[PDB]
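Visitor:
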Ligand SMILES: *[C@@H]1O[C@H](CO)[C@@H](O)[C@H](O)[C@H]1NC(C)=O
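Protein chains in written order, with the entry's author numbering: chain P, 1 to 52, 52A, 53 to 82, 82A to 82C, 83 to 100, 100A to 100L, 101 to 216; chain L, 2 to 9, 11 to 27, 27A to 27C, 28 to 95, 95A, 96 to 105; chain A, 333 to 527; chain Q, 1 to 213.
#1: For residue 207 of chain Q, which beta-bridge partners are listed by DSSP?
#2: Can you tell me whether residue 188 of chain Q is helix, strand or coil according to DSSP?
#3: Since residue 31 of chain Q contacts residue 52 of chain Q with CB under 8 Å, what's their CB separation in whole angstroms?
#4: Compute the Euclidean distance between the alpha carbons of residue 201 of chain P and residue 77 of chain L, then round it to the nearest angstrom.
#5: Alpha carbons only, please: which of Q:69, Q:79, Q:189 is nearest the one belonging to residue 92 of chain Q?
#6: Please determine if the segment 51-71 of chain L and the segment 434-446 of chain A are in contact, where contact requires at least 3 C-beta pairs separated by less than 8 Å.
#7: Mind checking which residues open and close the alpha helix (DSSP H) that includes residue 441 of chain A?
#8: Using the Cα positions of residue 461 of chain A and residue 420 of chain A, report the straight-line distance between them to the nearest angstrom.
#9: For the beta strand (DSSP E) that residue 342 of chain A lies in, which residues bound it at each end?
#10: Which residues neighbour ligand 1 when neighbourhood means a C-beta less than 7 Å away from any of its non-hydrogen atoms? List them by chain order.
#11: Among A:458, A:357, A:467, A:392, which one has its Cα closest to the Cα of residue 519 of chain A?
#12: Roughly how many angstroms lie between the CA atoms of residue 82C of chain P and residue 17 of chain P, to the nearest whole one?
#13: Using 10 angstroms around the beta-carbon of residue 110 of chain Q, count the other beta-carbons present and answer buried if the total reaches 16, otherwise exposed.
#14: Using a Cβ-Cβ cut-off of less than 8 Å, give me the residues of the segment 403-425 of chain A that come near chain Q, in sequence order.
#15: Taking residue 476 of chain A as the reference, which of A:524, A:525, A:486 has the closest Cα?
#16: Just reading off the beta strand (DSSP E) that residue 367 of chain A is part of, what are its end residues?
#17: Would you decide whether residue 55 of chain Q is buried or exposed? Buried here means 16 or more other CB atoms lie within 10 Å of its CB.
#18: Determine the DSSP secondary structure at residue 30 of chain L, reduced to helix, strand or coil.
#19: Note the first and the last residue of the continuous beta strand (DSSP E) segment covering residue 23 of chain P.
#20: Should residue 55 of chain L be flagged as near chain P, meaning a C-beta pair shorter than 8 Å?
#21: Thinking residue 395 of chain A and residue 517 of chain A are a contact (beta carbons under 8 Å), I'd like their distance in whole angstroms, please.
#22: What does residue 56 of chain Q reach in chain A if we use C-beta pairs closer than 8 Å?
#23: Using a Cβ-Cβ cut-off of 8 Å, state whether residue 483 of chain A counts as contacting chain L.
#24: Tell me, which residues are paired with residue 102 of chain P by DSSP?
#25: Can you tell which of L:95A, L:35, L:47, L:39 has the C-alpha that lies nearest to the C-alpha of residue 23 of chain L?
#26: Just the Cα atoms here: how many angstroms apart are residue 343 of chain A and residue 61 of chain P?
#27: Helix, strand or coil for residue 156 of chain P, going by three-state DSSP, please let me know.
#28: Would you kindly check if the distance between the Cβ of residue 93 of chain L and the Cβ of residue 2 of chain L is under 8 Å?
#29: For the segment 445-478 of chain A, list every residue whose C-beta sits within 9 Å of some C-beta in chain L, in sequence order.
#30: Check distances from the C-beta atoms of the segment 482-508 of chain A to those of chain L and list, in chain order, the residues that come in under 9 Å.
#31: Out of curiosity, what's the CA-to-CA distance linking residue 209 of chain Q and residue 85 of chain Q?
#32: Measuring straight from C-alpha to C-alpha, what distance separates residue 466 of chain A and residue 404 of chain A?
#33: Could you list which residues in chain P have their beta carbon closer than 7 Å to that of residue 105 of chain L, in chain order?
#34: Please classify residue 335 of chain A as buried or exposed, where buried requires at least 16 neighbouring CB atoms within 10 angstroms.
#35: In whole angstroms, what is the alpha-carbon distance linking residue 75 of chain Q and residue 36 of chain Q?
Here it is, written out as structure tokens:
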């Protein structure tokens, strides 16, 4: 199995620098090029540059020339990308990508094959003045006997956090069927908020325990919450 | 024959019905390929539960499968009038052998 | 004098199935790679880690010529870092490959009326193959929780499968013959060179 | 810099429909074009490379063709899990560029929402703010009207909505309407109701609760 693991999402003040990490596992690291691709929220994909894992040769795009630096460590099989002098346009998700090996033609022509087979999970870089804040997790209990009718819905409310994103799982990831994690909402207070709901059989409301796990890495906040129905 | 499913389970709206499907170690007890089908008279069977506890796409959460020893059990939680049908259980009886139950007419 | 028997491999009568890919050692001969790179009878001719033009002026420890038959599209899988049935379960090239993959269409030679079923490929395996590994075992593959008890059945399938090369098949499903030249350089006397 | 234009920018097709997208390049790139399928939240997934070659592991229903400046990407029968944004990419000349994107959606049969309500937690009342949540689960189409009635008085400007992306299985939507009040304002009234009007509903559905039970 091939795997690209990128560093946690970060928030940085305008004008500062971010360094994003991409650790390759499950293939010989020094045998493929690594490319970087940035994607602004709601916008499309934009190319950043290429780095040679073997020798360290680097080619950045003219738009980022002088502000982006690509680093490589062979021993740990990782690639670093640093963007300096950040602006509001740079708030985006950053992916590493591995294309296959460039091959030689029958004639001896160097044929580049720059299609991206393997991508990382993405690193969100939020560029903002605003200070980070930790979230507050609250249980949304199906107090109303929605159990009558065979199906109950329980949920977790992640209120007043900054910045994006938060990871919400159920039962440490052991429950994925019928999970709806809503997109975040930017409140009037300039803080984010979201809800994650799950539909479960009423029969299991007493048999299985339902824990929601919220993880906000930018604030190093991890909150488990046991969601129990309110008995009126 | 080959399975014991009680022919005639019944229930009331809002309540829960547990339909049993009893086999031996070699069919139901040993392996985790058990299926529950619902069939309305005159229509084809519809899959409600597969691999003991798995609800397929489009089945309400009311139907919940389980297993204990040599007995599988289908639980209907949110009983409605529409649930009045014949419920069959199927299980792996060995390589190249699949065994169905007698059927339970849920009233 | 003492040329390398590339004709023995390329122009061979019958080719082994991909799961049982046939490897031929090349040592103690002068290699005229020109015969290959000057020919235009090839569908795909890709080389990793070395140029075919610069081959006649290089020495290596040993040269292996692996040869087999796959279907049209699956030819893609014979390349470093690729996934798929052929690359995972049949024939895997190392990521640090230093060689050349040469494949050509052989619909006329390998397919026949009613389809040719002499060519197999492995569809199931417990784990992916290490580079340059060969698994010719025919153990009934256990796909589910059932024991399988050495007999095919529910979630128990034969590991190999027939390609079924019909002459009327699309280009993507036509039999292609592949030869993979591997140029290993160890701490040994380089016994294979060119002009 | 080679510019790529994608046509269309959005589209909606039914299950089993044949879908076709076009990518036009400002310059000639022989076939050094690739197609990616980025699902929401996930990374891009390579489906077609060299403009005509299916990537190992892609269903047979996907195809690509074209040359020069014009390329096309085709889906034989649109399956529910195909909903994503599709991008084209060139690598004929640095730097690499991507298309605008084509958000593809599913046209589905009308489905009614399951409506649930959640009063504010006892823990959150300690903090001064109260949040009442209304959930609209598994409906279609995306449009739905959600009204908050506090003591049968319509609330406005205090609620926010969040809508999930189209489900990869049943092609439905889900909606969360959060009404945020002060504890003082929350304790002023008794009956909190969420009234949902949707196409798949014959009459408006109201899910209410009384404060303090
Ligand atoms: C195979 O035979 C043909 C025709 O006689 C010849 O031109 C070709 O060079 C041969 N292949 C090799 C590698 O010797």
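Just so you know, even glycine gets a beta-carbon here, dropped at the ideal spot from N, CA and C.
Guide: Answer, in terms of the structure:
#1: Q:194
#2: coil
#3: Sure, about 6 Å apart at Cβ, within 8 Å.
#4: 40 Å
#5: Q:69
#6: no
#7: Residue 441 of chain A -> alpha helix (DSSP H) spans 439-442.
#8: Each residue's alpha carbon lies about 6 Å from the other.
#9: Looking at the DSSP string, residue 342 of chain A is not in any beta strand (DSSP E); the run it does join, the alpha helix (DSSP H), is 338-342.
#10: This selection yields A:338, A:339, A:342, A:343, A:367, A:368, A:371.
#11: A:392
#12: 6 Å
#13: exposed
#14: 405, 408, 409, 414, 415, 416, 419
#15: Checked all of A:524, A:525, A:486; the closest Cα to residue 476 of chain A is A:486.
#16: Segment 366-369 is the alpha helix (DSSP H) holding residue 367 of chain A; no beta strand (DSSP E) there.
#17: Buried.
#18: coil
#19: Looking at the DSSP string, the run of the beta strand (DSSP E) that includes residue 23 of chain P is 18-25.
#20: Closer than 8 Å: no.
#21: That pair is no contact at about 10 Å.
#22: Within 8 Å Cβ-Cβ: 408, 409, 414, 415, 416, 419.
#23: Interface residue (Cβ-Cβ distance to chain L less than 8 Å): residue 483 of chain A is classified as such.
#24: For residue 102 of chain P, the beta-bridge partners assigned by DSSP are P:94.
#25: Measuring from the Cα of residue 23 of chain L, the nearest candidate turns out to be L:35.
#26: Each residue's Cα considered, the two are about 51 Å apart.
#27: helix
#28: It is not a contact, given that the beta carbons lie outside the stated cut-off.
#29: 476, 477, 478
#30: 483, 484, 485, 486, 487, 488
#31: 40 Å
#32: 21 Å
#33: Within 7 Å Cβ-Cβ: nothing; residue 105 of chain L doesn't reach chain P, min ~17 Å.
#34: Residue environment: residue 335 of chain A is assigned as exposed (fewer than 16 neighbouring CB atoms within 10 Å of its CB, all protein chains considered).
#35: 13 Å
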